[PDB]
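A.B. asks: This is the structure I want to talk about, given as structure tokens.
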Amino acid sequence: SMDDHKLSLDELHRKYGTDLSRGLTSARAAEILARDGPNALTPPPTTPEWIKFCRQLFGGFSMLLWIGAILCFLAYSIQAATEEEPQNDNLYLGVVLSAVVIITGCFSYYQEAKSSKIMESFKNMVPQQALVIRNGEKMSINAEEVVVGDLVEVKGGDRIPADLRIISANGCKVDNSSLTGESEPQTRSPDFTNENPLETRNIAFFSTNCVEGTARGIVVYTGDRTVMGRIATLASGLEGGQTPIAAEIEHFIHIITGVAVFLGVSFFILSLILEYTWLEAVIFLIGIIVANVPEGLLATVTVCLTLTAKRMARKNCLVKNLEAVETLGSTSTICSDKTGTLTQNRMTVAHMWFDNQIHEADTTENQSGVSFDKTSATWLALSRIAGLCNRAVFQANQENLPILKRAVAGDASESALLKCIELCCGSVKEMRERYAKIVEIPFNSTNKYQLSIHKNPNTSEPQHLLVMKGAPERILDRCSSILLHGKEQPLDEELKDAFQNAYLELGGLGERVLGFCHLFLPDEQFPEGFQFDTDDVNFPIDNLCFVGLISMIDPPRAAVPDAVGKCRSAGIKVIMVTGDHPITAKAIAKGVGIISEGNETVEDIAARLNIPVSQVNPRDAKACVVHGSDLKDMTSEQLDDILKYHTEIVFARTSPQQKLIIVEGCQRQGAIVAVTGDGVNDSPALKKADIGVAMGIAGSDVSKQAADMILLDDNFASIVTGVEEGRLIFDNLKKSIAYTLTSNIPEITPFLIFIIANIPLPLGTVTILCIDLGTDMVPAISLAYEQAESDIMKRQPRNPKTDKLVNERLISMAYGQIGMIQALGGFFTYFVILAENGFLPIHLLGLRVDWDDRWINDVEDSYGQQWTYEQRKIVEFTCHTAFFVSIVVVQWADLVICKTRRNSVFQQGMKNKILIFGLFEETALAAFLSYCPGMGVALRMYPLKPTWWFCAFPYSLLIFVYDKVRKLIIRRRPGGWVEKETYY
Amino acid sequence: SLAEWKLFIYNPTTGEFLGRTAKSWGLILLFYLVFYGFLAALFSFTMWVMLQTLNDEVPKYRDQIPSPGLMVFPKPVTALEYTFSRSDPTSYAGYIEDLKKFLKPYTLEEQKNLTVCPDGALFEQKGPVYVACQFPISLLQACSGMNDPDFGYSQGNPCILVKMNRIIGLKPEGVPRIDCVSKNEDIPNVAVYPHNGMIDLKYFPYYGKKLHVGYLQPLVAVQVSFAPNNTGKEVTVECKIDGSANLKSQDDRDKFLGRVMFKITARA
Ligand SMILES: CC(C)CCC[C@@H](C)[C@H]1CC[C@H]2[C@@H]3CC=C4C[C@@H](O)CC[C@]4(C)[C@H]3CC[C@]12C
Ligand code: ALF
Ligand SMILES: [K+]
Ligand SMILES: [K+]
Ligand SMILES: [K+]
Ligand SMILES: [Mg+2]
């Protein structure tokens, strides 16, 4: 679209009004600069941190607690204005509720996406200076003033300032890893080659650099109008959406808020029916609101996520967005880049054909694989040729590095041969010391081979050797003999056919193959003193002795095949999206396990059946390779057909925005897509993906700015660890949420029984705040340390539509059975405290009016004694303390039964030390609140008689026994009615 | 803009009501009915076992009620403030009705069964009969039902009863008395009629509702007089126990422990 390589030299120059050699006039340049704008990328506006905190302050439970604080202030105002002797109870309650909202907002703010600096990273890719021709003179100017249609000169590693239409080039090559992710240099020529501007040779793109040569070009786009500028704008404008854990959190927030609103409004209007005062009604509503809302639930979730993130931070896996922890566990599809992500981004020797045999060398970066045999004399000769006909040389001051991981000055092929020789045998410095190079002829465009004549290995004066490397099937056209185990024999036709089979077989693995041979002087007819520097000498290079073939490829990382296998076992569809050529993409897919053995593509089936690809039924092939050109004009519906029916998909030659198209197509089927990449062309895909993972060492700055997680050590098994930890934290979050929600009922029910049966209040609001914000925090957090009940890597990825973090079964279980047992235990303790002090349970019915009356100071108990207001209020507050302690006692068994969901509690053992400390700390905090001096004035907590601690013991035992029996029924009948209704 | 909920209720296929079928609804309601029935049975059994350990005569603990409070009768409508109009019988009718309803056990007619006890001595009863001492209504002279039909009302001199809180097995030491004084500088005269407060020891100790049948707590009646022409309204008067060390009356947390403050206003 909008191509400028079609126009001729004059047609391009007349469109822009630019002289071919004189350049652009300064006045016209200034006019165009004022007309179009500066050569710069505009950062996208960012929401200030002030707003984001405020946004977090108004979500779900926060609104209910805001209503509670408002009602507390209103109650204080009413109390003061009416009875003129105020107590600082409702005011302090409102202040505490507001502080709780602020702290919960802080916790939510920590657990939030921290935005990205992608556009800043692109601005690090624009050059600071540009060489521009104006008035027929070279000048170095600030790149921001570079306008369209002026002569720009690039050379010698300089980054291209803007998209150029190259009109002159002297051996120019550019690195297009920003557009294709592939670092092999691309030649730039003035002539038109290909229709597509990305693959054509005369266009030079912004954010790329000229590795070698010089080029004079014409600017065709500037600033945001460049190809990479539009990609940067797209990446900045994109958002990752709502994470799945955020959706689950919003779901159960909606459920709990709806229940709270229903109960609050129903019982508030009921209290107005019963002719309660406005102050009494608002106090009751505050109690209901505090009882229904779990104050410490969201902070607990944030702490669990943080702990799991720290668990992965130890394994060299850095989690930037806290919500990204569970997204990997929920992932069902992984779109993977090839180079740098799955492969090692380094050209390495893979196979050798010699001894009429194929030997596979070790390609792993850590060298954990086995090596081949070094015992062959022709192998010694081949290693000598490969390491001695090599122009590449190691860069200095890095001898303290592994050979494969050290910088080399030379081509990728030359460096691959250099490193292979270094690992295999000796060192190239000493090889050149022993064999002094006396002449060489480098690679030629018309010869396609390189030779070097140097001193013999036999040390004899007359003998020298010529070593030659070149194309495989052409180099033996000059050869006539071969070395076999150190013995030379003439070239046999069977040997030629075997060579052809080996060349096609190594080439069939997507590897560049090269042939190496040498020749010795026949006799003394050519003396050593003869000068070989004579150009076009009449000494043809023929009748050589073919030595061997060496193949090269960018090999997969060591752990990538096993990681892909584990992910496929976990039910994850792993798609391969690459900007490289289709043949290499298919070869790497077969190598790492994207395309399994025994599965064929439509083209492969056609080749097998010797029929055109049209006759092959596309439904037969379960694997497909889709070229970028086909993906371009392909409509969305056709893309959805490819994803649905093919199980092994490889997209090849994909532009950066086509990766985005593929990611959106995958997400269109309701899938959680994780993208792994390490280049700047993956940044839109990393932004759009549900979770973006970028490599640490090999990753570019843009990729790690656009990603949610970074593999710091570039270990691809960290993906397996991440999905396992995501599934584990999902299960443990279910457990923790169930435990937190269970204790709500012992706080809701006292208010309802209060308003219904008009008994004295069994539980206070401050006591409720002491439960959730206090004794319930550490035990709830401790569930995050639970181990997996089984192998969680065998189950399929969870369905976001069907599987909820909080479903009806969890709500049903916690609110209806365990919560009601806990409420019964608390009410029994309440009745015991009141009965043993004089107020029998029958006498409590209808006593609310007199008990709460500050002026009636002769309330008669069941024994004829008369109590004042404060005397009976002390008993009521003791009942509140005992109710709190009873909730703690039943929460003991609640924690024990929430430790597991299917297996026996003592089956797995007490591996979780944090849970035991949680039990002990909960009990210790309860005792400290009860018995510390001054707690009768602060929280109205009062000392409990020792026998009163055991009132709730029978109900805790009932909870434990009921859960154990239910679990036993679950395992005996997995498809039973109990499992369909209780299991969550 | 789509009603996904409408199909969710009353699904024609499978007959699922609110996401659950008729059979499954029956099963889940039956399960919850049986579960809550078992829970209620366990709670009832545990309550009955707790009640079996209790004593019907005397509470297990008395540490939360060590000293008696002081209360006035009848209870005013709002904030323990007596308001009435001398010319309007209906204003002070409720006080009259409450006073006659309360003082009915104290008259000579009903307490003929009760026994006269020697004065000034604590009456300890080890025996199981637990007979009660009688309180003559003549002790509240000019504030009792016999002298006048209206308990001081319509004369500008209302009568109010001050009574000590009942506590089981409480033995006051010393000579307990109740003294009432006006707080304002106008000091309208207050006259506790049975001499001083003079709570007699012969009524103590209280032995409970079950055991000590027919107990009549000692009563102290006050009369705050007002002038015929001068209403003398908004008078605050405070009564307290100052004759006994056992009965504490200086507490700060509880303003009704051993004392009581009440306000009187009169019209015309
Ligand atoms: C103090 C007493 C009255 C409280 C009683 C609470 C009861 C009646 C409430 C609280 C939780 C509620 C349950 C919550 C979950 C479910 C599962 C759902 O699929 C059907 C409704 C059902 C079964 C509800 C029935 C009514 C229920 C059990
Ligand atoms: F590293 Al790529 F396409 F292989 F960006
Ligand atoms: K709560
Ligand atoms: K993302
Ligand atoms: K809770
Ligand atoms: Mg890459």
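Just so you know, the numbers here start at 1 and follow the chain as drawn.
Keep in mind that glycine also has a Cβ here, set from the backbone N, Cα and C atoms.
So Swiss-Prot lists these for the protein:
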ACT_SITE  A:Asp337  active site, 4-aspartylphosphate intermediate
BINDING   A:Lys448  ATP binding site
BINDING   A:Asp678, A:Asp682  Mg(2+) binding site
MOD_RES   A:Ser1  phosphoserine
MOD_RES   A:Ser8  phosphoserine
MOD_RES   A:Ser189  phosphoserine
MOD_RES   A:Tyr221  phosphotyrosine
MOD_RES   A:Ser413  phosphoserine
MOD_RES   A:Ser445  phosphoserine
MOD_RES   A:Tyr503  phosphotyrosine
MOD_RES   A:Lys622  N6-succinyllysine
MOD_RES   A:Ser629  phosphoserine
MOD_RES   A:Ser636  phosphoserine
MOD_RES   A:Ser904  phosphoserine
REGION    A:177-196  region 'Disordered'
REGION    A:557-678  region 'Mediates interaction with SCN7A'
TOPO_DOM  A:70-92  topological domain 'Extracellular'
TOPO_DOM  A:114-249  topological domain 'Cytoplasmic'
TOPO_DOM  A:270-281  topological domain 'Extracellular'
TOPO_DOM  A:300-733  topological domain 'Cytoplasmic'
TOPO_DOM  A:754-763  topological domain 'Extracellular'
TOPO_DOM  A:785-804  topological domain 'Cytoplasmic'
TOPO_DOM  A:828-879  topological domain 'Extracellular'
TOPO_DOM  A:900-912  topological domain 'Cytoplasmic'
TOPO_DOM  A:932-946  topological domain 'Extracellular'
TOPO_DOM  A:968-984  topological domain 'Cytoplasmic'
A.B. asks: Can you tell me which parts of the same chain pack against the topological domain 'Extracellular' (A:754-763), counting only residues 6+ beyond its ends and a CB-CB cutoff under 8 A?
C.D. replies: 267, 270-271, 274, 284, 746-747, 826-827, 830, 834, 844-849, 851-852, 872, 876, 879-880, 883-884
A.B. asks: So what sits near A:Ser189 (phosphoserine) in its own chain, CB-to-CB under 8 Å and at least six residues off in sequence?
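C.D. replies: Residues satisfying the criterion: A:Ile166, A:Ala169, A:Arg201, A:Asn202.
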A.B. asks: So which residues does the topological domain 'Extracellular' (A:270-281) touch in its own chain, when a touch means Cβ under 8 Å and the partner is 6 or more beyond its ends?
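C.D. replies: Sequence-distant neighbours of the topological domain 'Extracellular' (A:270-281): 75, 78-79, 82, 755.
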A.B. asks: Whole-number Å distance between the CA of A:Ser904 (phosphoserine) and the CA of A:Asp337 (active site, 4-aspartylphosphate intermediate)?
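C.D. replies: A:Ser904 (phosphoserine) and A:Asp337 (active site, 4-aspartylphosphate intermediate) have their Cα atoms 44 Å apart.
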A.B. asks: Which ones are near A:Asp337 (active site, 4-aspartylphosphate intermediate): of the recorded positions A:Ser8, A:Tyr221, A:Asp678, which have a Cα within 10 Å?
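C.D. replies: Of everything listed, what lies within 10 Å of A:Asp337 (active site, 4-aspartylphosphate intermediate) (Cα to Cα) is A:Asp678.
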A.B. asks: Relative to the Cα of A:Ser1 (phosphoserine), which of the binding-site residues A:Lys448, A:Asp678, A:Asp682 has the closest Cα?
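C.D. replies: Comparing Cα positions, the candidate nearest A:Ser1 (phosphoserine) turns out to be A:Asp682.
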A.B. asks: For the modified residues listed here (A:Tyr221, A:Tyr503), tell me which residue's CB has the most neighbouring CB atoms inside 10 Å.
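C.D. replies: For the modified residues A:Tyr221, A:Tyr503, the Cβ with the most other Cβ atoms within 10 Å is A:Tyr221.
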A.B. asks: Could you count the residues of the topological domain 'Extracellular' (A:270-281) that DSSP puts in helix, in strand and in coil?
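C.D. replies: Within the topological domain 'Extracellular' (A:270-281) the tally stands at 8 helix, 0 strand, 4 coil.
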A.B. asks: With DSSP as the yardstick, break the topological domain 'Cytoplasmic' (A:785-804) down into helix, strand and coil residue counts.
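C.D. replies: Helix, strand and coil residues of the topological domain 'Cytoplasmic' (A:785-804) number 1 helix, 0 strand, 19 coil.
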A.B. asks: By Cβ count within 10 Å, point out the most packed of the modified residues listed: A:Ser1, A:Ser8, A:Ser413.
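C.D. replies: When each Cβ's neighbours within 10 Å are tallied, A:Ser413 tops the list.
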A.B. asks: Among the recorded positions A:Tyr221, A:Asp337, A:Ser413, A:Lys622, A:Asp678, which have a Cβ atom lying under 6 Å from any atom of ligand 6?
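C.D. replies: Checked recorded positions vs ligand 6; flagged A:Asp337, A:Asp678.
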A.B. asks: Which recorded positions, if any, among A:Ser8, A:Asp337, A:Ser413 have a Cβ under 6 Å from ligand 2, given in order along the chain?
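C.D. replies: Only A:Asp337 meet the Cβ criterion.
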A.B. asks: Going by Cα-Cα distance, pick out whichever of the binding-site residues A:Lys448, A:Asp678, A:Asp682 is nearest to A:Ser629 (phosphoserine).
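C.D. replies: For A:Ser629 (phosphoserine), the spatially nearest of the binding-site residues is A:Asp682.
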A.B. asks: Could you state the CA-to-CA distance between A:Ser636 (phosphoserine) and A:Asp678 (Mg(2+) binding site) to the nearest Å?
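C.D. replies: Between the alpha carbons of A:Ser636 (phosphoserine) and A:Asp678 (Mg(2+) binding site) there are 27 Å.
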A.B. asks: Six or more residues beyond either end and a Cβ under 8 Å away: which residues meet both conditions relative to the topological domain 'Extracellular' (A:932-946)?
C.D. replies: 764, 766-767, 770, 874, 877-878, 880-882, 884-885
